[PDB]
Amino acid sequence: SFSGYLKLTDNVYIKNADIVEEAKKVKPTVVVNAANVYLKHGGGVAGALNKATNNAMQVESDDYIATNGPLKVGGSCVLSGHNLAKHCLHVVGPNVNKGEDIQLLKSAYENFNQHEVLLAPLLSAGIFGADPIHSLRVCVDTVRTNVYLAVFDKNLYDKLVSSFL
Ligand SMILES: CNC(=O)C1C=CC(=O)N=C1
């Protein structure tokens with residue numbers, strides 16, 4: 001199972017870890033991807049997860065988009081987890097660098113409540129431009145299921161734990 005996580009609340013855990021490495025080690029039921037509406041996994045968590053699947057995640061995603069059209073900001077879809085997990089929950093947090101409404105971050109985290117346990121990144125953090133401290137607060141106040149957060153950056157991990165209310 002998950003190891004070395006610090007407990008923040010009843011159901012939220014956090015670790016300074018690369019989510020690709022965590023996924024390859026744990027092989028969780030669900031790994032969350034920090035997706036965009038097009039499921040174009042170019043950079044950040046999405047680029048890293050997709051590269052770990054040898055681009056199979058992108059091939060599957062393009063077929064999903066060809067059939068269904070784009071996701072909504074705040075929405076999600078369940079696809080295969082390939083070599084990383086049983087499933088990948090592609091969740092679209094608002095990209096504040098693209099002027100998307102930050103109020104959609106709570107709607108994005110609500111997708112996690114459909115899964116009993118998830119390995120996840122902080123939504124809208126990193127290249128999505130939101131304040132990761134705010135993302136963690138929305139996570140703890142929205143998600144009721146067991147979420148294991150992998151925070152790639154050590155310095156941000158330390159800041160998140162030390163400032164956690
Ligand atoms: C939770 N984030 C991560 O673990 C990342 C993010 C970007 C990346 O390139 N690789 C891993």
Side-chain angles (χ1 to χ4, degrees), residues 1-5 11-98 100 104-105 107-130 132 135-136 138-139 142-143 145-154 156-157 160:
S1 66
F2 293 94
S3 73
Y5 283 76
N11 65 297
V12 180
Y13 294 83
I14 193 166
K15 186 184 181 178
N16 173 36
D18 179 335
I19 194 173
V20 171
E21 290 314 305
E22 272 302 292
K24 291 189 279 181
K25 162 117 213 86
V26 174
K27 295 165 168 170
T29 302
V30 179
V31 64
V32 174
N33 179 33
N36 54 53
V37 297
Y38 306 109
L39 302 181
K40 285 299 187 207
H41 312 304
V45 170
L49 291 173
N50 178 58
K51 173 179 166 202
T53 73
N54 185 41
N55 210 51
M57 175 181 287
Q58 188 65 66
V59 169
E60 177 199 28
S61 296
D62 290 347
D63 170 81
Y64 172 92
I65 295 291
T67 298
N68 298 291
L71 279 66
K72 293 170 183 179
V73 174
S76 72
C77 69
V78 179
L79 291 176
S80 178
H82 300 275
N83 57 315
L84 302 176
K86 174 165 197 206
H87 297 298
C88 178
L89 180 70
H90 295 271
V91 181
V92 184
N95 186 322
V96 325
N97 292 324
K98 295 181 195 168
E100 298 169 354
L104 296 165
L105 185 53
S107 300
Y109 274 117
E110 288 170 344
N111 294 284
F112 286 29
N113 291 322
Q114 301 294 318
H115 300 279
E116 288 186 296
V117 55
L118 315 89
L119 167 61
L122 285 169
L123 297 181
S124 296
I127 69 174
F128 277 64
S135 186
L136 178 54
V138 176
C139 180
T142 307
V143 184
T145 56
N146 298 324
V147 59
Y148 289 82
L149 296 169
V151 177
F152 182 68
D153 197 275
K154 180 250 190 210
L156 173 60
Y157 172 81
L160 288 165

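The basis for the numbers below is simple: all heavy atoms, side chains too, and nothing from hydrogens, waters or symmetry mates. Positions are given from 1 along the sequence.
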**Item:** Worked verdict on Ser80 versus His87 for side chain to side chain contact (heavy atoms under 4.5 Å, CB included)
**Value:** CA-CA 4 Å; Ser80 178; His87 297 298; over 6 Å; no

**Exam field: side chain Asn36 to backbone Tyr38, donor-acceptor pair closer than 3.5 Å** = yes

**Item:** salt bridge (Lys or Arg N to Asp or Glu O under 4.0 Å) evaluation trace for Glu22 with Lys25
**Value:** CA-CA 5 Å; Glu22 272 302 292; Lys25 162 117 213 86; over 6 Å; no

**Test item: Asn11 side-chain N/O and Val143 main-chain N/O as donor-acceptor pair under 3.5 Å** = yes

**CD (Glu21) with more than 12 external heavy atoms under 6.0 Å** = yes

**Prompt:** Between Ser135 and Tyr109, do the side chains contain an N or O donor and an N or O acceptor separated by less than 3.5 Å?
**Reply:** yes

**Asked** Can a donor-acceptor pair be found between the side chains of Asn55 and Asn50 at a distance below 3.5 Å?
**Response** yes

**Request:** State which residue, out of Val12, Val30, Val117, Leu118, fulfils the side chain to side chain contact (heavy atoms under 4.5 Å, CB included) condition with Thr145.
**Result:** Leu118

**Item:** Closest non-hydrogen atom pair, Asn97 against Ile127
**Value:** ND2-O, 2.8 Å

**Request:** Would you check, one step at a time, whether the test side chain to side chain contact (heavy atoms under 4.5 Å, CB included) holds for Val147 with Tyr13?
**Result:** CA-CA 6 Å; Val147 59; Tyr13 294 83; over 6 Å; no

**Message:** Using side chain to side chain contact (heavy atoms under 4.5 Å, CB included), reason through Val26 and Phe2 one step at a time and then give a plain yes or no.
**Reply:** CA-CA 6 Å; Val26 174; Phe2 293 94; 4.1 Å; yes

**Request:** May I ask you to decide if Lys51's main-chain N or O and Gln58's side chain share a donor-acceptor pair within less than 3.5 Å?
**Result:** no

**Asked** Between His90 and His41, is the ring centre distance below 6.0 Å?
**Response** yes

**Message:** Under the criterion side chain to side chain contact (heavy atoms under 4.5 Å, CB included), I'd like the reasoning laid out for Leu71 against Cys77: C-alpha separation, chi angles, the key distance, then a yes or no.
**Reply:** CA-CA 8 Å; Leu71 279 66; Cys77 69; 4.1 Å; yes

**Request:** Inspect the surroundings of NZ in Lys98 and state if more than 12 heavy atoms from other residues, nucleotides or ligands are less than 6.0 Å away.
**Result:** yes

